[PDB]
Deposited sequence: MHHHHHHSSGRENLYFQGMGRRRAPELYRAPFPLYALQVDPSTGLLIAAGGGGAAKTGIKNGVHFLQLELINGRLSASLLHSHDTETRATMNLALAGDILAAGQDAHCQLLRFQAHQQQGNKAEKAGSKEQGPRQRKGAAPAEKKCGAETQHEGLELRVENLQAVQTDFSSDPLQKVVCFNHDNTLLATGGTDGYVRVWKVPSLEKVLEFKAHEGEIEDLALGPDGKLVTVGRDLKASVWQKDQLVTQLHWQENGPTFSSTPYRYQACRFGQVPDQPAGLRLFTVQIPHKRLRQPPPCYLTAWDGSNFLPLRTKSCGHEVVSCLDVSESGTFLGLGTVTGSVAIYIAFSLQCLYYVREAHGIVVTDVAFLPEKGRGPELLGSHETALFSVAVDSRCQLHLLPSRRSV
């Protein structure tokens, strides 16, 4: 393992400019110290890539369940709230709290996903109540609010030219312009189909050097767990036209997380069983798979950035995926050179 935190990990971000690995989680059973927080780790090449705790930011009783990063600002989902933090280096790290706002309002509320728009002027959130809410940054003035799904929101993504994709437990995947529905994705719709599929993740990526480059990547999983579970699928969509270009089965292990490299070249997957995979995004070809790399659900994955401090750390290797899990561990996954 690269790092073992004092609590189960739920979310990961890698800052290209500072070279910091930001791992967040909670629900840790510990007498004194810390049960919930965000840990900032300095990545340093040594003799071999290595991680080291720089700053431990305590979140009191609130487990950080998701993260988004925008320059020096970190947005952190905690219970039914989104908290903002500013972080800067000097090696010391100064971490200021900024505003927070409640983003979910069910009878058992929880924020499930957060991300920025491109210019980091807006923040979009989604949770158990089915409402997408959009907030100005850093003021957290609410600018939009609308019902996106009839159940919990599982993921969302702000794409280029303003488009928002959302996926819920209501089996629908919806594409929005502000609060207006542009279209839905209809992949999900035989007679003896043992289970319907639901979309579990959604990410835009811009595949570099490709003229038909703009993509939306989704993951579909069986809605019901079955004795023999059917496979999960990874689907590449045209990012502008929303046509399904390629659908690849990606195993019977339930996919728990997706990430696209900053470049748009690579996809990372984690599963409920703790497995980790790297795919080539243009063709959905698996480059790397390790079964049960963790003991338990992989909660998030994140590539080493191709810009900033990343290249120096990567060395001869082609890319690096970090994974985190409920086992409180952060693993490194290196692709071979060339």
Gaps in the model, given as deposited-sequence positions counted from residue 1: 1-25, 73, 117-154, 254-255, 405-407
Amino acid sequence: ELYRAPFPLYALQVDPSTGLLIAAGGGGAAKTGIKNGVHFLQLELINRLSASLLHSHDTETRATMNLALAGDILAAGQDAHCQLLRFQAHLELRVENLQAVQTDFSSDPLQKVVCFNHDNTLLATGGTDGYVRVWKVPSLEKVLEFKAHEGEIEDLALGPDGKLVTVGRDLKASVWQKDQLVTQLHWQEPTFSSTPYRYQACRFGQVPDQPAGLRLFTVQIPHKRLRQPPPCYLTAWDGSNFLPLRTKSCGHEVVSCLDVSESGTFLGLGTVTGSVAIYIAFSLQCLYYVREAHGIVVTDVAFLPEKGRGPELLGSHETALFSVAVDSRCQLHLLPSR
From here on, numbers count along this sequence of modelled residues.
Mean temperature factor over C-alpha atoms, higher-scoring stretch between 319-327 and 15-23: 15-23
Entry-level comparison of average CA B-factors, 94-102 and 151-159, reporting the higher stretch: 94-102
Member of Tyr131, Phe87, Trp237, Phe266 with the greatest C-alpha B factor (per the PDB record): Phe87
Which of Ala281, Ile46, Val297, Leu67 ranks first by CA B-factor in the deposited coordinates: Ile46
Record-listed C-alpha B factor of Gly213: chain third: highest
B-factor third for the C-alpha atom of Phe146 within its chain: middle
Chain-relative CA temperature factor third for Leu140: middle
Lowest, middle or highest third - CA B-factor, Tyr233: lowest
B-factor third for the C-alpha atom of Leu287 within its chain: lowest
